[PDB]
Amino acid sequence: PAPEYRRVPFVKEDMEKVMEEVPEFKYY
Amino acid sequence: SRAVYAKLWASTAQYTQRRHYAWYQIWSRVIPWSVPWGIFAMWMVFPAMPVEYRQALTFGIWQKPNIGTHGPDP
Ligand SMILES: CCCCCCCCCCCCCCCCCC(=O)OC[C@H](COP(=O)([O-])OCC(O)COP(=O)([O-])OC[C@@H](COC(=O)CCCCCCCCCCCCCCCCC)OC(=O)CCCCCCCCCCCCCCCCC)OC(=O)CCCCCCCCCCCCCCCCC
Ligand SMILES: CCCCCCCCCCCCCCCCCC(=O)OC[C@H](COP(=O)([O-])OCC[N+](C)(C)C)OC(=O)CCCCCCCCCCCCCCCCC
């Protein structure tokens, strides 16, 4: 028996709101 | 994702500011060398100054050496 995979649908979002969920990262 | 790639691209946008910070650090390490060399400059150029200025700059500690010659004439 194979597992019952849950669907993940594609959705398009505003990048300037997705940028509030990006981890903080520093190089300098 | 566009967002993550944008963050990674932007990570180094402020190169010039980091370089100014580097200037600051290295000059802070370097600049105290001015004190030894400054003392030696002053050491060499002190006997060129007027006798009054030698007396003043040493707060009156320095005076003409006494070697037993050229005393007053009655
Ligand atoms: C004791 C126990 C034993 C311990 C042993 C331990 C081991 C170590 C040894 C220690 C023992 C003693 C040893 C003796 C050492 C000293 C003697 C010595 O060294 O003499 C040397 C001796 C030098 O003699 P000299 O030059 O005639 O000396 C003349 C004096 O220097 C007179 O010259 P001068 O009077 O013209 O000097 C000028 C001086 C004059 O100095 C002074 O008058 C200073 C006075 C000092 C006061 C002292 C203060 C400290 C004490 C205070 C007490 C505190 C009290 C509290 C503690 C007690 C109570 C709790 O002023 C300056 O230097 C400039 C002033 C300061 C400059 C910085 C600027 C500051 C500005 C101030 C700003 C503030 C505002 C002022 C403005 C006014 C308006 C407000 O050697 C020689 O004579 C030459 C020898 C020949 C050899 C030649 C060398 C080789 C060349 C060959 C080279 C060619 C070959 C090729 C190259 C080869 C390469 C390899
Ligand atoms: C980077 C620095 C390089 C330094 C290279 C310099 C080497 C050569 C120095 C020559 C000095 C000559 C001074 C000219 C005046 C006459 C001197 C003289 O004998 O006068 C009579 C006097 C005695 O006077 P007198 O008794 O003959 O009568 C005249 C009386 N007065 C002086 C009051 C007018 O003799 C001396 O005291 C000897 C002169 C000592 C001065 C030495 C100066 C050294 C300079 C080095 C300092 C460098 C600091 C760093 C600077 C760098 C900045 C970017």
# chains A, B, ... in the order shown; residues from 1 in each chain; ligands from 1
>>> interface_residues(of="chain A", to="chain B", cutoff="7 Å", atoms="only C-alpha atoms", output="VMD selection string")
chain A and resid 15 18 to 19 22 26 to 28
>>> residues_near_ligand(ligand="ligand 1", cutoff="12 Å", atoms="only C-alpha atoms and all ligand atoms", output="ChimeraX atom specification")
/B:35-66
>>> select_by_dssp(residues="chain A", states="helix (DSSP H, G or I)", output="ChimeraX atom specification")
/A:15-18
>>> write_last_selection(atoms="N, CA and C atoms", output="PDB file, in the first residue's frame")
ATOM      1  N   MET A  15       5.312  39.394  -3.686  1.00  0.00           N
ATOM      2  CA  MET A  15       6.665  39.151  -3.204  1.00  0.00           C
ATOM      3  C   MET A  15       6.996  40.013  -1.996  1.00  0.00           C
ATOM      4  N   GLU A  16       6.472  41.238  -1.939  1.00  0.00           N
ATOM      5  CA  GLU A  16       6.793  42.122  -0.826  1.00  0.00           C
ATOM      6  C   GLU A  16       6.116  41.707   0.473  1.00  0.00           C
ATOM      7  N   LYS A  17       5.159  40.780   0.428  1.00  0.00           N
ATOM      8  CA  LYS A  17       4.648  40.148   1.637  1.00  0.00           C
ATOM      9  C   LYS A  17       5.331  38.822   1.938  1.00  0.00           C
ATOM     10  N   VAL A  18       5.751  38.091   0.904  1.00  0.00           N
ATOM     11  CA  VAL A  18       6.527  36.872   1.109  1.00  0.00           C
ATOM     12  C   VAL A  18       7.879  37.210   1.714  1.00  0.00           C
TER      13      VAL A  18
END
